[PDB]
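Residue numbers (UniProt numbering), protein chains in the order written: chain A, 248 to 443; chain B, 204 to 406; chain C, 24 to 334; chain D, 8 to 215; chain E, 29 to 316; chain F, 672 to 690, 692 to 745.
Data first, discussion second: the structure below is written as structure tokens.
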Amino acid sequence: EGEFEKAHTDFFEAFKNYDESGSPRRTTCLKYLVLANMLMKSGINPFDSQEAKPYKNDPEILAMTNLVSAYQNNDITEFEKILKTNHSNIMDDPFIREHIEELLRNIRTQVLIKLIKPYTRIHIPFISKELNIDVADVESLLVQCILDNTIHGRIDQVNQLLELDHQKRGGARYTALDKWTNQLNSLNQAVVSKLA
Amino acid sequence: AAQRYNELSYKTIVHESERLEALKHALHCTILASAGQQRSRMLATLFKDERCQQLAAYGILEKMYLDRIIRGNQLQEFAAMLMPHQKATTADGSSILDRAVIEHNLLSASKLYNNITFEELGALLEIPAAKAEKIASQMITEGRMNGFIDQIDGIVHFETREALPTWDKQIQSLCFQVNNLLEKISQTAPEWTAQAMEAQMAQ
Amino acid sequence: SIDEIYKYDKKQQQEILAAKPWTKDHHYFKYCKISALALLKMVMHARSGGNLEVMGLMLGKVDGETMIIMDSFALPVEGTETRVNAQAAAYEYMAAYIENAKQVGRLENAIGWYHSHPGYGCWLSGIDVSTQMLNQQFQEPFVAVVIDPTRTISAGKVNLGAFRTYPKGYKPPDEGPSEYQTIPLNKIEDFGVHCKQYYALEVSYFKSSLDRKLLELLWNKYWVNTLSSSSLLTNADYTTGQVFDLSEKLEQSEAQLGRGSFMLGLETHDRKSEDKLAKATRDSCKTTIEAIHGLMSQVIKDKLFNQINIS
Amino acid sequence: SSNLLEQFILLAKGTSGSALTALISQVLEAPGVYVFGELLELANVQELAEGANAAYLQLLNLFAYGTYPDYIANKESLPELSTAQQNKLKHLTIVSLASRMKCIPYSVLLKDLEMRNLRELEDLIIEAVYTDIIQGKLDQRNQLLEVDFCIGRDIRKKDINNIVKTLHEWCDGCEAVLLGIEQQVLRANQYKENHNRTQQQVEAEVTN
Amino acid sequence: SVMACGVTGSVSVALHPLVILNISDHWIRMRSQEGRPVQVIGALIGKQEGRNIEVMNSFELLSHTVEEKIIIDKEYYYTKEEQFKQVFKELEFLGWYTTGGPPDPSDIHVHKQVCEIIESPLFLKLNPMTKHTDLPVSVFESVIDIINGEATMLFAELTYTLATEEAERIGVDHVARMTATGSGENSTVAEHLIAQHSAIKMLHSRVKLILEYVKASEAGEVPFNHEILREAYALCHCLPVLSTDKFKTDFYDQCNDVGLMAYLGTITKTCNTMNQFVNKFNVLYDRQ
Amino acid sequence: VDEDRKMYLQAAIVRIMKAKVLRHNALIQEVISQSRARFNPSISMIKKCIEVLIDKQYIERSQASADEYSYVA
């Protein structure tokens, strides 16, 4: 639905009772819980809250813990290493498998917003190379990002640059003088028109 | 680690010898640190601690405070004072000053002026322009500073440091040198000072 | 005189307190004389707050239409621009102070309260007027005082107004204008209603031998820093804020004059929104005067220093 | 410096000739020296002049009244300098250029100092600034040095007239500024006076 | 007097006028009521930063005379010490003041009692019987000095200085001037500009002392020097304070804003009289 | 519990006195006001606690004042 938050709380609330009855469902439920927590963007807690303390040591659940740690730091190189290494334990379940493309985009999108800040001119092949994808998917991400306004600036496609915006100065004085300036025209027109 | 060692050295139920090893150790943890206030600010605190003058890293210490460049001979010795685990490296890890001196100097500079280029900032903190640009960005991002960057003309504009305040502050500097000159004149020869004051009261 | 003023008379206060003239008229007072002590202590205490509000108390007396402020002392109390009658917390500290004061030989009764509005001007707010209005019944004599300790450094002129407010349901006269030190965007409204409710009183002084002079001589060196106030950046936020609000008032004026106040054999009487342009012109003056005052701090530097060059 | 000066004068005054010759070579080498007034004025150094150690005062002169371009010019007649002595003169050229223009461009600095590049040049001004004898900042955008502050060494007693002229121009315009402000304050006051006058005058006649 | 008359001590004290006006005021009150002039003894507070002392503020203390000695009451002081420290804890206790002419034994007796509060208190003495035009407050510290082999508490005098506090100074201006409003209200231009005026007048006076010094070192009457001339030379050279291309536009940008701001206000003022003119005209010449 | 109430009562007094000077009656009422949720303390208990607090020197009586206490640190 898009109501990632309603999922997190229902899976979290469920896990305790799933501890009392026990296995096997605790293993599957735990994938549904980690998945849900990532999508909220973010307020991550599949592990400073309470869910599995001795069972987490088994390598099956282990992957998830590492995968979540990579998502919270928002580092691309680790995420992709886990996906390759412990392939089966994430990839075989179809529900989690479906979102994974979105999670990849999610990491890359947060990483981009951190990166952007030291520059005011950053090149598209430089960010594509840093994210680890081709120029065209990055170009498409940027366009959607400016319209959503999670990246600030505009593109120069005849030189392959981002003219990021830090071209701000004041503005606040200059617009208040404009509002003041428009009321004085209407006011003079009004007063002089009262005469006879 | 550096804070913890430093606190031990300030205790009086800690044995004498061990207070100094601990200070030695604190200095070394403080030297290895990364990003933020503490490495040059703890170096200054440590410099005020007279006990660092019994240490062999006193050289590095005094030289940093008096802003004197570091050379090869001194890195070799420092590296050797290190305990094996403390030879912790970025693949070139060394003694490098930077995190207070960039950050502390940016704070001293907000009190000094308005806005500045990277070239001048990099040349003043003796680092590449990119490192300054990186730490400045971090400081703006953490809200310990604010600013925006113009990378079209290669200038960062800060909530103060290097422009219209420089003009204002130069008036203050010039007028303070005038006061200084009046003090020096009162010191060498108080006779002319009294005599030439009476010359104003005549006009 | 010069020495007759210094002595306090218990009997003159006993007559005055019995007589109680203020019940007839609260616009009665007209002059102030404030001690050199009262003033310096009031500025320093205000400055110690920072840009955060503090309250203190004043000891004095009245003689005719003059108020006399002999001494002042600070209070460690919080509630200037929130708590109505913040002074109550202070009462225990005041009772101590007056008792300690009487025994060394200062017997003069409490004349009023002082507080300060830092970085927004010398005027009484909604909290302040409401606390004064209780005091003019209960505490008498009780007078409000306001000082700004940041604005003052730039101009060189002490802004100190001692005021008194009128009780509820009292019609103000035509006594409008006073000193123009700008207010922030949401504080503009609050001044607008309250100003006619009170008046400021004119101030005199006297001087002799330990505090004044460290300051007088120091200014001889110090003078450079006051000319590098350079307001236009320091309080940049003020211009954008007042000018966007002044625009909202001109919209109010276009409607008010345009449609007209609905009246059927009734004509407007005193209101804080009566003749909108006539009010509005003055709001433009408090914002303009501060702006050009900013220009004048710049103009001086440019002519004095920069024209000398190297000959 | 401070301390070192108070030691050197006494020592110069103490001895003669052969030791004084030695002392000149030591003062110029010795760090923290970016002044060369006091030793020159003493009688003791003065004896060596007009002889076979005259060249040592003539160089000392060249540091005191002159700069790095004045040196090179008579490099043959004067005895050698070491790295510390040359680097001290090179900083001391910047103060001189600063006496004429507040901002001095790189091409001027570069010529005068006879330096191999910009980066070697920019290193010398950073070293000066740490010792705090000159205060100032580099502009690599407009290619200027913009100096905040600089201090003399510069005895220059022929040229001193310039300093008196500038001090004098600083004087005469002051009064021209005061009569200035005095005028405006009276003009503000004159306007409020008339404005009060006219309103009170007009109001009375309404009554009739 | 009774004084050692030694070399000036290890601390400096700085001296300045309103507090004695506070003391004088009391002295006048007390004298009128009792029928005899009565002295007051009091505390000093201020600060010390280094070995140098800035005496910032003061307050009067309670005292009694038993014999020819003065005893200051301790309980009183300790009560006032707890209330004052709550509001001012930055300031600290320096010592005391007394009233009278030259130094006497009854001051040394009271100074030993003050040594109990802080081990090194300052002593200060004001003569309001002074026949002299210079500042008649003189500052002392106490030294323990041996005379004829017996250790005696003897005073030693300190010289003074003037120091900080602009926030306080602007009030000393008002206090000093004691000027009254003219025909109006006093003008906005007038009130604003006074600091600016006086500031120019300080620079007139600053130029004057440096200039006459430089000439004096050339001419004679002051000898030739290097240390002061190199610095005055350098002071001239700095002017004008910027000329860069970078400054010029930012300086004008702010000047240009305050040029529009002023224009939009003078129109608003004019609009008001226009609305007033048009109102009064329509009623009289027309029927509105 | 009885001992516990004393401590809580004490905690209340210090907490209230911190937030400077109050008359005895006022102090007691506030203690009740605060403590109402947990339990209603006996008046006799409060008075005992106040004295304990004074001995502890958490709070002192004003030198010259009918039933007044000051918060002393």
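From the three backbone atoms N, C-alpha and C, an ideal C-beta is built for every residue, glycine too.
Look at the alpha carbon of D/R194 and the alpha carbon of E/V165, and state the distance between them as a whole number of angstroms.
44 Å
Environment of F/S705 [buried if 16+ CB atoms lie within 10 Å]:
Exposed, because fewer than 16 other Cβ atoms sit within 10 Å of the Cβ of F/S705.
Tell me the start and end of each unbroken alpha helix (DSSP H) in the region 28 to 70 of chain C that is at least 4 residues and wholly inside, in chain order.
33 to 42
List, in order along the chain, the chain B residues whose C-beta lies closer than 9 Å to that of A/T367?
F351, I352, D353, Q354, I355
Which one or two residues does DSSP pair with E/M181 in a beta bridge?
E/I172
How big is the Cα-Cα spacing for E/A247 and D/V102?
27 Å
So with CB distances below 7 Å, who are the chain C contacts of A/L424?
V266
Among the residues of its own chain, which have a CB less than 8 Å from the CB of A/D403, if the five just before and after it don't count?
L409, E410
Going along chain E, which residues have a C-beta under 7 Å from D/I158?
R258, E259, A262
DSSP three-state assignment for E/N85, whether helix, strand or coil
strand
Please compile the residues from chain B whose C-beta is within a distance smaller than 7 Å of the C-beta of A/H413.
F351, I352, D353
Quick one: what's got a C-beta closer than 7 Å to D/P76's C-beta in the same chain, skipping five residues either side?
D119
Same chain only: Cβ atoms within 8 Å of B/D353, ignoring 5 sequence neighbours per side
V359, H360
Please work out which residues of its chain come closer than 8 Å, Cβ to Cβ, to B/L226, disregarding the five sequence neighbours upstream and downstream, and give them in chain order.
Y208, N209, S212, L249, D252, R254, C255, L258
Alpha helix (DSSP H) containing E/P133: first to last residue?
Taken as a continuous stretch (DSSP letters only), the alpha helix (DSSP H) holding E/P133 covers 133 to 142.
Complete runs of the beta strand (DSSP E) confined to the region 122 to 146 of chain C [at least 3 residues]:
Entirely contained in the region 122 to 146 of chain C, the beta strand (DSSP E) runs reaching 3 residues are, in chain order, 133 to 138.
Simplified DSSP state of E/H160, which is helix, strand or coil:
coil
Step through the CB atoms of chain H and report whether any lies within less than 9 Å of the CB of B/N318.
Of the protein chains in this structure, namely A, B, C, D, E and F, none is chain H.
Please go through the same chain and pick out, in chain order, the residues whose beta-carbon is closer than 6 Å to the beta-carbon of E/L152, but skip the five residues on each side of it.
Residues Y125, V167 of the same chain have their beta carbon placed closer than 6 Å to that of E/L152, with the five preceding and five following residues left out of the count.
If you measure beta-carbon to beta-carbon, which residues of the region 227 to 245 of chain E are closer than 7 Å to chain B?
Listed in sequence order: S233, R234, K236, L237, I238, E240, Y241, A244.
Burial state of E/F252, where buried means 16 or more other Cβ atoms lie within 10 Å:
Counting Cβ neighbours within 10 Å, E/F252 comes out exposed, since fewer than 16 surround it.
I need the boundaries of the alpha helix (DSSP H) containing D/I101, first residue and last residue.
It spans 90 to 107 - the alpha helix (DSSP H) in which D/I101 sits, taken as one unbroken run.
May I ask you to list, following chain order, the residues of the region 290 to 308 of chain E that have a beta carbon less than 7 Å from some beta carbon of chain C?
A290, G293, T296, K297, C299, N300, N303
Below 8 Å CB to CB, which residues in the same chain sit around E/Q141 once its five sequence neighbours on both sides are set aside?
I99, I100
Three-state secondary structure (DSSP) of C/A97
strand
Close beta carbons around C/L300, own chain, < 8 Å, minus the five adjacent residues each side
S276, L280
Expected contact under 8 Å - CB spacing of E/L150 and C/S232 to nearest Å
Not a contact, Cβ separation roughly 17 Å.
Is B/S220 close to chain A, meaning its C-beta is less than 9 Å from at least one C-beta of that chain?
Proximity of B/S220 to chain A, defined by a Cβ-Cβ separation below 9 Å, is not satisfied.
In chain order, what residues of the same chain lie with their CB nearer than 6 Å to the CB of F/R733, ignoring the 5 residues before and after it?
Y741
Distance, C/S201 Cα to C/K33 Cα:
Spanning the two alpha carbons is a distance of roughly 35 Å.
Since A/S316 is in the alpha helix (DSSP H), which residue starts that stretch and which ends it?
306 to 320
Check whether the Cβ atoms of F/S707 and F/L680 sit closer than 9 Å, and answer yes or no.
In terms of Cβ geometry, F/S707 and F/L680 form a close pair [threshold 9 Å].
Beta-carbon of D/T74 versus every beta-carbon of chain E: anything under 9 Å?
no
At 4 residues or longer, and completely inside the region 149 to 232 of chain C: list those alpha helix (DSSP H) runs for me, N to C.
149 to 161, 174 to 178, 211 to 217
Burial state of B/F321, where buried means 16 or more other Cβ atoms lie within 10 Å:
buried
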